[PDB]
Ligand SMILES: *[C@@H]1O[C@H](CO)[C@@H](O[C@@H]2O[C@H](CO)[C@@H](O[C@@H]3O[C@H](CO[C@H]4O[C@H](CO)[C@@H](O)[C@H](O[C@H]5O[C@H](CO)[C@@H](O)[C@H](O)[C@@H]5O)[C@@H]4O)[C@@H](O)[C@H](O[C@H]4O[C@H](CO)[C@@H](O)[C@H](O)[C@@H]4O[C@H]4O[C@H](CO)[C@@H](O)[C@H](O)[C@@H]4O)[C@@H]3O)[C@H](O)[C@H]2NC(C)=O)[C@H](O)[C@H]1NC(C)=O
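Chains as they are written, first to last, in the entry's author numbering: chain A, 514 to 546, 555 to 654; chain B, 80 to 127; chain C, 1 to 97; chain D, 418 to 460, 464 to 465; chain E, 2 to 52, 52A, 53 to 82, 82A to 82C, 83 to 100, 100A to 100Q, 101 to 112; chain F, 2 to 27, 27A to 27B, 28 to 95, 95A to 95B, 96 to 107; chain G, 191 to 223.
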């Protein structure tokens, strides 16, 4: 079930980050989206390893989703898609014009941009959500 | 009901000769034939 | 730039060697870049050189990295240079009889 | 074609000897979708 | 690996005798079986032999027609039936076998009618067959 | 019925060398291999020499073999007293299309 | 150390004559991939 929406995020790649955040609002509603045969005693323990193997996926798709929103809920917001917080943006994190970011870059570019700094922001998002509490 | 999304405007660099799922197909076919075609006489060098 | 001497007829064992112990693909070429002997997975293969009937290798040593080349019936015209290409280590061994 | 009984395994390094061939007829309907060639660079054709 | 035979047999001439030879291994296809006999006090000779990895059988030229060999893979038993019982067949029989795996190092195409009986060491305990 | 011309008995004092000949045609020995088997009288026979010069595990190294021309020699250097058995040479005769044995060779201690 | 002994073993299983028709096997990716 949930593993369907884990891949539907990728429908907005290649577009620009101002447009992909707007598509995410439509995608927000789009992320709101049987073996009953005569089974012999040889089919009984074989169609049940086909049952557990699919049900080890449906719980992994749930347990990955709760391991996401446990990490978001550390950074103030739980369940918010678009969430902005009370940390000021440091200038040394690949300084660029704000029109030179939301208008002429795709989201995959930011993986290449700030991945040297992505761990540092995560500790700041913990601390400022801990300093404010 | 397979899920397939066409991605707009994206370019992407592949490589065929360094894929890491070809060595995962190679493993599960060693594991097929060894449990499939059980031979009468093997001769596997040990080389101690 | 190794040096290997033979007399005539005898078996020489030229050797390239990797550090992996997992039977990785190699080859063996000569100065005109014609294939002498090659590995294709788990089987041997020759190439259309003039050592195509005489060259050989030891199959059991590939699983420990050692990829030799064993030549029978040493004539005078095989006094050349030979190149083993494991993945990058294009080592050259020259031969004389 | 032949039907060998003493083959070289492609899996690891080693030989394998199998049972004799089956008694009846053996059909094979396969559709070739690919080659694997190799050149030989001389000094040309 | 050991081989157990069948029990000893007494008989009158003209009939047909059966001796079994069960193997302790996992299959018979790894072993080239062989049947030798010994008249009491006399030498040894080779009657027949079967190789199941090629389905081939072999008979000595003095024993054609009188001797047949069958092997059952599902029970791992080598069978011998001897037809035409006469006087000199008062002897002990033996089932022997060697490893067939020595022809993997042969020149590609082997010989699927040839003889790969050599230097066995898996002689069973024997069976005494006495005619009267 | 002995196609191989094995001598019926060889004899030497304990602690010496014996020879046992196995002479045949050019279709049983001149093209093929030889072997040797040991049998105590009453007990089951036992292979002692395989592939013309080798011994299985459990055989003393006094037993040596050779294949010369169309015949074969078995040599027991340093004969002991516990060798009271008889020997047979067994090859494959290609022309006769059967395994062929010898008449037997009963060694005797003196 | 150079001509090291390589014991070419021989394991013998129980070998029937079994059928062999390869079916298509397609590789899926786990959750989150
Ligand atoms: C590329 O892909 C194609 C697939 O599209 C592969 O083609 C396959 O090739 C294999 C190998 O030959 C075929 O398997 C064998 O097919 C034989 C022919 O069978 C057909 O004709 C007969 C007569 O008209 C029908 O009875 C058959 O119907 C059977 O199949 C249907 C499904 O289609 C089943 O539902 C039925 O119940 C039938 O069983 C086919 O239409 C066939 O003889 C063979 O079966 C024997 O062989 C195997 C071992 O090889 C035995 O285990 C089995 O039990 C049978 O053994 C009996 O018969 C033999 C005589 O041959 C005796 O010697 C035995 O002792 C025993 O008595 C098996 O079914 C396969 O059908 C075919 N696929 C097709 C055509 O779609 C290519 O191989 C592949 N390329 C490569 C390189 O792999």
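For every residue, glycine included, the Cβ atom is placed at its ideal position computed from N, Cα and C.
By the criterion of at least three beta-carbon pairs nearer than 8 Å, the stretch 199-209 of chain G is not in contact with the stretch 43-52 of chain F. Distance between residue 83 of chain C and residue 62 of chain C, taken at the CA atoms: about 17 Å.
Residue 99 of chain F carries a strand assignment under DSSP once its states are collapsed to helix, strand and coil. Chain-ordered, the chain A residues with CB closer than 7 Å to the CB of residue 89 of chain B read 526 and 527. Residue 430 of chain D belongs to the set of residues whose beta carbon lies under 7 Å from a beta carbon in chain C. In summary, residue 81 of chain B is exposed, with fewer than 16 beta-carbon neighbours lying within 10 Å of its beta-carbon over all protein chains present. For residue 47 of chain F, there is no enclosing alpha helix (DSSP H); the residue is found in the beta strand (DSSP E) stretching over 45-48. Not one heavy atom of ligand 1 lies closer than 6 Å to the C-beta of residue 604 of chain A.
Taken through DSSP and simplified to helix, strand or coil, residue 564 of chain A comes out as helix. Straight-line measurement puts the Cα of residue 455 of chain D at about 29 Å from the Cα of residue 76 of chain C.
Under the criterion of beta carbons closer than 8 Å, residue 67 of chain E and residue 82 of chain E qualify as touching, at roughly 6 Å. When C-alpha distances from residue 120 of chain B are compared across G:223, G:216 and G:204, the shortest belongs to G:204. DSSP, read as helix, strand or coil, puts residue 62 of chain C in helix. Remark: C-beta atoms of residue 50 of chain E and residue 70 of chain E do not approach each other more closely than 7 Å. When F:27A, F:89 and F:30 are compared, the shortest CA-CA separation from residue 101 of chain F is found for F:89.
Judged by beta-carbon spacing, residue 33 of chain E lies within the 7 Å limit of residue 100N of chain E, meaning their Cβ atoms are closer than that value. Short note on residue 444 of chain D: C-beta closer than 6 Å to some heavy atom of ligand 1. Listed along the chain, the chain B residues whose CB falls inside 9 Å of the CB of residue 19 of chain C amount to none; the nearest CB is some 17 Å away.
When rounded, the separation of the alpha-carbon atoms in residue 616 of chain A and residue 104 of chain B is 44 Å.
Ranking C:64, C:86 and C:39 by CA distance to the CA of residue 55 of chain C puts C:39 first. Any Cβ of chain B closer than 7 Å to the Cβ of residue 94 of chain E would place that residue at the interface, and such an atom is absent. For residue 28 of chain E, the residues of chain G that pass the 9 Å Cβ criterion are 202, 203, 204 and 205, in the order they occur in the chain. When DSSP states are grouped into helix, strand and coil, residue 95 of chain B belongs to the coil group. If the five residues before and after residue 86 of chain E are omitted, its C-beta is found closer than 6 Å to the C-beta atoms of 111, all from its own chain and listed in chain order. In this structure, the CA atom of residue 93 of chain B is about 12 Å from the CA atom of residue 99 of chain B.
With a threshold of 6 Å, the Cβ atom of residue 439 of chain D counts as near ligand 1, since some heavy atom of the ligand is closer than that. Closer than 6 Å to some heavy atom of ligand 1: that does not describe the Cβ of residue 115 of chain B. Straight through space, the alpha carbons of residue 111 of chain B and residue 418 of chain D are spaced by roughly 26 Å. Contact annotation, residue 80 of chain C with residue 31 of chain C: C-beta distance approximately 5 Å; criterion of less than 8 Å satisfied.
Sequence-distant partners of residue 29 of chain E (beyond 5 residues in either direction) whose C-beta falls short of 8 Å from its own C-beta, in its chain, are 52A, 71, 73, 76 and 78. Flagged as an interface residue toward chain B: residue 64 of chain C, by a C-beta distance shorter than 7 Å. Between residue 420 of chain D and residue 438 of chain D the beta-carbon gap is near 5 Å, inside 8 Å, which marks them as a contact.
Taken atom to atom, the span from the alpha-carbon of residue 83 of chain E to that of residue 434 of chain D is near 41 Å. Take the alpha-carbon of residue 27B of chain F and the one of residue 29 of chain C: they are about 46 Å apart. Closest option to residue 79 of chain F, judged by alpha-carbon separation, among F:10, F:19 and F:2: F:19.
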